[PDB]
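Comments concern the structure below.
All chains are named by letter (A, B, ...) in the order of the sequence lines, taking the proteins before the strands, and each is independently numbered beginning at 1.
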Amino acid sequence: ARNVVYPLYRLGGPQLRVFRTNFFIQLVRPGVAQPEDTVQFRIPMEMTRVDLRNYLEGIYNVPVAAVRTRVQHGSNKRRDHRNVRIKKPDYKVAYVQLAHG
Amino acid sequence: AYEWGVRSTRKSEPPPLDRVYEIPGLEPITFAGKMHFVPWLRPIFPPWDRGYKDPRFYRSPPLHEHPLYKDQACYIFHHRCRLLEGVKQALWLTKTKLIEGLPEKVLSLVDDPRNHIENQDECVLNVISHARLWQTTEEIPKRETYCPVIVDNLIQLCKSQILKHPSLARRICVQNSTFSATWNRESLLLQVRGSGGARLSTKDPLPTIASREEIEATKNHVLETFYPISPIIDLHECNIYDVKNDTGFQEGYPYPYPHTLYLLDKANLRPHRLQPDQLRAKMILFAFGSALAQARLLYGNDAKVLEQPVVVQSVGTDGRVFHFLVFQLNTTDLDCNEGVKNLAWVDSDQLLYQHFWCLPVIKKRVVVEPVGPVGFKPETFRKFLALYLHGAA
Amino acid sequence: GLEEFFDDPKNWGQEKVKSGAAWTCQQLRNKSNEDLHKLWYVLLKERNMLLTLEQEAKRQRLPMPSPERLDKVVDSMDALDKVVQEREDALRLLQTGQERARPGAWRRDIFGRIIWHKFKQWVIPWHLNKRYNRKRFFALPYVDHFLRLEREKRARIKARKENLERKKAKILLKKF
Amino acid sequence: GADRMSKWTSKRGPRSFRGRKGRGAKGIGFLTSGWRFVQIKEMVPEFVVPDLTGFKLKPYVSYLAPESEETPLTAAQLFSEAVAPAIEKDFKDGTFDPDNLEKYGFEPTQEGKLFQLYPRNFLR
Amino acid sequence: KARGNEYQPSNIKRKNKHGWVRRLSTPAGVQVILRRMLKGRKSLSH
Amino acid sequence: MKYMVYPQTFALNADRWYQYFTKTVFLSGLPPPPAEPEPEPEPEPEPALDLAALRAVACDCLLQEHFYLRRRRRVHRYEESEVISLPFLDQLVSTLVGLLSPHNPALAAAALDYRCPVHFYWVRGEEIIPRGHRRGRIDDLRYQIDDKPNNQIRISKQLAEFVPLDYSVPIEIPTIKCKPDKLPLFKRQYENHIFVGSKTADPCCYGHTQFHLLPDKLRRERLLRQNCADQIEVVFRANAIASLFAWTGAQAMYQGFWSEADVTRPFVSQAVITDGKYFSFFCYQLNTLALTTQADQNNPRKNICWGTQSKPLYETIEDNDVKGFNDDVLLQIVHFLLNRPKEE
Amino acid sequence: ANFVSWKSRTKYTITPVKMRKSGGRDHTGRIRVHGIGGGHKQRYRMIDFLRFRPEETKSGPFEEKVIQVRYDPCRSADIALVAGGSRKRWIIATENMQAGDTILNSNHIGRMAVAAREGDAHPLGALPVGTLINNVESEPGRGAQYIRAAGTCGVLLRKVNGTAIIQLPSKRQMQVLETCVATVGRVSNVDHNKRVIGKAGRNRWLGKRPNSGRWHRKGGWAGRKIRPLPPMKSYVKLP
RNA sequence: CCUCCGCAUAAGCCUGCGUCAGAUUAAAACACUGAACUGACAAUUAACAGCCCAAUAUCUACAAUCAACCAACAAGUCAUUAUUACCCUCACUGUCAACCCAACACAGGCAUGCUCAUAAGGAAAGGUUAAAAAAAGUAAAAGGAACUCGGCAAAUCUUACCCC
RNA sequence: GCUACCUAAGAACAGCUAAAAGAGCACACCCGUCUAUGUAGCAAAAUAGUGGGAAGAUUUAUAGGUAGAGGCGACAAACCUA
RNA sequence: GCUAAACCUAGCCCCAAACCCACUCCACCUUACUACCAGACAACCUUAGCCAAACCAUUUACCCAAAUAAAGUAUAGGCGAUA
Ligand SMILES: [Mg+2]
Ligand SMILES: [Mg+2]
Ligand SMILES: [Mg+2]
Ligand SMILES: [Mg+2]
Ligand SMILES: [Mg+2]
Ligand SMILES: [Mg+2]
Ligand SMILES: [Mg+2]
Ligand SMILES: [Mg+2]
Ligand SMILES: [Mg+2]
Ligand SMILES: [Mg+2]
Ligand SMILES: [Mg+2]
Ligand SMILES: [Mg+2]
Ligand SMILES: [Mg+2]
Ligand SMILES: [Mg+2]
Ligand SMILES: [Mg+2]
Ligand SMILES: [Mg+2]
Ligand SMILES: [Mg+2]
Ligand SMILES: [Mg+2]
Ligand SMILES: [Mg+2]
């Protein structure tokens, strides 16, 4: 979940569980050539590799073999008519590699 | 006296508490209720503790309540102990007499022409060249990487003779082993815990070197003592310890009997490298500890003169200079200084080579000395081969 | 499977998907919590597919078939979250008599303003928390003149606003 | 000079500044002596996804459904529809005792259980 | 020689010299921040 | 800038990518034995191999680390593959070499190495630069392998080839319709090293057998946990291909061979790649060293790697004695160690 | 300014300690002393100036063994590493101390004076009158603050009913308690005056900056002054 | 034809010559369509590098310079042990460019590694003519400092003396 | 974040003559003697050539310190954001 | 006939009246906008000067009770500027 306070884990404490997740992802078409088992997603900033793997295998039952992530910097070059820079949002993209061929 | 703690760096005592804490029956009104500091008030806080154990933030109990705390201090010799009066210190701590030359058995074993290596001088020169110049991509290998390499390569070179002597098959070279031997010595509880490079362990024990005649005749020898310096200097005096006289291998181990302990000087820095006398003392004490652990394992915990001595061998190397040692242990009683002493034939300062030029030293575009080892004594490797061949012939 | 990031392949490039009636807060209150959870995940998958379609339409430089579907799903999930939060708030009020399930305190920071400081669930007590004891929740009153200046600036803005309202009303009455 | 207006992110400083800032992801473990990262399974949010095979509730509604007057749920309404019938019955029977409200659904302290309400133990 | 390049950027020096923590560490810097807030500056510090 | 190729890698299907980068064909099983020569002196003294003695030595080296040693710390579940299995591996290799010296005299004069580095640098293919002031210009795809086997054996006389230098196989080397970067692979610029395990002045130029230990990042249990079940043999295959190609290429370039002076004889090497308990064996034959675009237009030669499925040496070692012990794995180890340079 | 002194360690040890330079700056960061800064890096050997200090669980006078005589970059005179019992320490080497010698540290004061070789430490009452002494204290057990430089030496002049009178290298005389310990002989590293710096570079290595180029006119202090010796210094309390 | 360049890392900067469309207009010191641009779309994937460590005592005299002889001074850049605690693991962040500081697409300034002329990287001439004056060179009869405040500059390789 | 000085922890110095070296020739590198150009210039101090040094009192990257009734200064009334 | 020219209304000013503001979730004193760790330091202090005195050297209105008047009076003051 995002924009929420995580309970602080103490040694021996219960398992952290999220029941109504706040993460929404987009399945984007790659802009370059990628291996046949590679699926490209656009995920929120606070999502991690483990979060996306568990998301995919729990909500869509998609077997996942690998996850890599990176942060794309949105352009802060466009100027408004008042010469104020317009910022395109930075986003996070993930490359997942499917599991069983 | 002069004390070494500058108070500009010491801890600062807390500012004196408010005078409201000196009025009986009057309860101060502080900022503990707002859970943050404010410049007008001040709170006393009880000491805090955790109801749960956390290993990343553990705090050990004070030393006196440790279960293994002993009122009398035991003196520990480990791999990093450097004795001041090294050789004499080791002889006193171990109750032993030193012999200048190596035993006659090993030299007789090596003097047989058929017992030599096929091309011994060339093989040893090649091993030196590989350890000192060829072993890495870097121009001049460091001691930390060329000492163990040269020793392991010499061990393999000697191991190559298994076909000529089909009795080296009952050996092995164990790494990451430890000895722990505790003995009383004039009411001084001494303990040696040794952890070095590698030990040759064989399925059979080494034959005794000295005879019972020499063992008996040793009883007139008097251990030299150094008055101003205690024999205990430069040993870790610890009050927390346990008395376990165990070796690194219990029953059922196929190679129980140690053969030779190899002691490396892996240190690029001279102050971190041991001096030759200190290294010799280190190998003397390590061999004594191995022999003592074996003696306790085989012949109980009694302090007695052994009818079957225990022989342990050792060699300490800087990478260029070698020191050889054959140690024979005859007694398990070491509090008294009058009985029969153990024996130690020690050979000191044996160069395998004098210098190595990793690059061609050039003076006015003409080479004066070529790339290779300058000076080479085959007798050092001959002693090495004899020590390896002691157990099997 | 990954086919759930896209709609029925018969709808691909069909320019219209006739569906609507996003969930109403009352209709979601009518349901139970397990049904709410399952419907939340259904709406989550639908929202993911709609976001995927929107991004792909942007890449292809074509209009989105029916963009109002995304708004309907978004507000339906917002209503579901509202219903769950309402039930939780009522239960917390009933059992502990509290709102604002994140503990906090009215404090006064280094600049002299009145803030609502939310707590941060540490593991050691605050009196030996070193980082926490570096924040200052007090004034040091060299800030009082700045407080008065900000108050006067607020008063000036408010007076300008009221005067402008008066002038606009006067003009409106002058014409009509 | 330097860009004062752009938001300070993890891409902007020197090598040490990079890698310390982060992007808002929540930690799932700690760093040990060899820089090795130890993950804690309990610090990773486990997604509680239900079964949807027999679930007949679509993400939209039919237009034929009729409107209803909205009524936000209150603590009073929840009490009236949760505890009032049972406590009315056991007061009419004369068994209601004011001391023990626990068997009506109330609990004195919230520390004992796992999902405590005021400090909001759980996530979402 | 040429003397236009007096600015040799470094984020560490910038944040150490004109940062928020450095401002708040002194009552004078707190008043600098207060002056910025009163004037309505979009950036109170570096 | 060159791609850093890691033999022990977490990349998923790295075996095929390494096959492309190296121009290597892979086949299951050992290379066929050389039955062409006729050993008319079949009756002879022929000192038979002591299977009981070799099994005893192997089990003793196993028990010297796994069931028992005077350990100190715990030892933890991590760093197990370093504290237990690495000493087990080099102990086993040293004892086996010493015991097999009488049967294989080439082992006595060999050089045994512990964790020595081997590097190979080479060029394979080209690309057009897509961005920047060098856009549209052609550049070579450079690769660098920096390996470190747990144990190595180097000899001064080259081994015998397994198949002829022009040996043709109907299967073709896999090709990627994608960039090397997406393996993932990453580029870097540092020193280009061609290193056989020792400098050029060492008489023991050629290689005999490598010994590789899989790191803790690539445990069988971890691969199962990451939902990568059919990825277990891929790491073995990739390690074998990369390490043996690097070793054989360094051996060839130490003889003055390169892309424009390919070879006059094949180069061969062997490898035993293991987890703590599972073992796999590989044979490699470097045929061609001409892998550039210029030198690979009309080149029919391929490098060959032969490999086996990973088999467990033992099974559930517990109670001071090993429960199961596959003697065939130790037989494969000794058979690999018994290979000698061909003599007429 | 954030200045923390390097002299921050509360346990005596033999290994050299890293010492940070100052540049003639106090804790505030301003120049307090001119002409100081930027020499060769140095490490600190800890000198035990309390010459008589018995070990733990031991009380009486003790002997010691000069293990080595070493050069100290932090002082004019050289320093002897000396071991005894089970501990070693650095002390100020006096002249003619070499490795292998034995040194006596004694506390008991005798009815008749004792004969002392050039390296021992006795209470000033036990010493003969007129001996050359060094490393003297002021209170008993205070530790040696006076004569400690290379080649310098002082002389015991008289013994009084409970005190002893000592001449300093500057010829000033001071009386200390009879139980004040001092070491016999002159300090080592003699011929230190004859050292020739040779060039300004050697001064720079030594860590001293050049003098200011500003021309100061001389005042009334500049002429030669012939003053009488200052009065006796007394360190004996009297009610 | 030039190359005293270049390729990386650090630091700095922050999408800043990738694709498509507008090019009717707009900056291109002119233009084609792309370094002085508008909108949309797309990308930098960790092994490299950052981000570390449970306490309480205790230990740590012997530089480096191929470290071996020899030789020093300015005296130096690297080490543990004892007991208790501890069996979960591979997260997060940087990764683009023709680029930074100099108001500029500025003959200026800019740390380290690598080959020290290259396998990198580049273009002094918009076209013409062949005036003066000016700048940078090249060659010059006979003479050889007669110039000039002064052998400044240039060309050749240079003796002796003085002041500070 | 320039610059003056300092502190911590780093880096660089080819080749030849090596007298041993705050030695000599000489790169990189630091500086700026003299000339010419330039003078709203490429440049609010540059360019070309020529020069001084270049294993040291050297040069230099990083972080930190000293501030104006002051700091720092191998005193030039030097420098402390043209 | 090009460049241009022209335009009312955004808002503002001075009064009166009235005492005025600020947590949706998340983050923010460390390098602010950073989920998660053991020295607990801490603020309270007479303005000065320009200027006037035709220089300047004591001195030179400026402070927070509705008005007005007493009154620019009593007083102060290089007895002078002025207060
Ligand atoms: Mg002077
Ligand atoms: Mg002077
Ligand atoms: Mg790049
Ligand atoms: Mg400019
Ligand atoms: Mg080119
Ligand atoms: Mg041109
Ligand atoms: Mg022309
Ligand atoms: Mg022209
Ligand atoms: Mg002429
Ligand atoms: Mg003339
Ligand atoms: Mg004339
Ligand atoms: Mg001239
Ligand atoms: Mg010089
Ligand atoms: Mg020179
Ligand atoms: Mg002057
Ligand atoms: Mg002047
Ligand atoms: Mg005036
Ligand atoms: Mg006037
Ligand atoms: Mg005047």
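- Ring orientation note: the planes of E/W20 and C/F111 are nearly perpendicular, at an angle over 60° on the 30°/60° scale.
- Rounded to a whole Å, the NZ atom of C/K153 is 17 Å from the P atom of J/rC21.
- Using modelled atom types, one finds a donor on one side chain and an acceptor on the other under 3.5 Å when comparing E/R14 with E/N11.
- In textbook terms, a nucleotide whose glycosidic angle is within 90° of 0 is syn, and I/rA21 is one such case.
- Groove assignment (side chain, cut-off 5.0 Å) for G/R43: major groove.
- Glycosidic conformation at H/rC66 (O4'-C1'-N9-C4 for purines, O4'-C1'-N1-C2 for pyrimidines): anti, more than 90° from 0.
- In the interface, the side chain of A/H73 is not paired with the base of H/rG94 through any donor and acceptor atom under 3.5 Å apart.
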Quick one: the dot-bracket string of RNA chain J, using Watson-Crick and G-U wobble pairs with both distances under 3.5 Å, [ ] for crossing pairs and | for bases paired to another strand. ...................................................(...[..)...............((.]...))
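- In this structure, B/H355 packs face-to-face on the six-membered ring of H/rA68, meeting both the 5.5 Å centre cutoff and the 30° plane limit.
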Dot-bracket encoding of pairs in RNA chain H, which uses [ ] for pseudoknotted crossings and | for another strand, Watson-Crick or G-U under 3.5 angstrom: ((...((((......(.(((((.....(....)...)))))......(((...((((...............(..)....)))).......))).)...((......)).))))......))..........................................
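- Counting distance only, with no hydrogens placed and no angle test, the side-chain atoms of C/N163 and the base atoms of J/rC14 include a donor-acceptor pair under 3.5 Å.
- Between the side chain of C/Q121 and the base of J/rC36, no donor-acceptor pair of N or O atoms lies under 3.5 Å.
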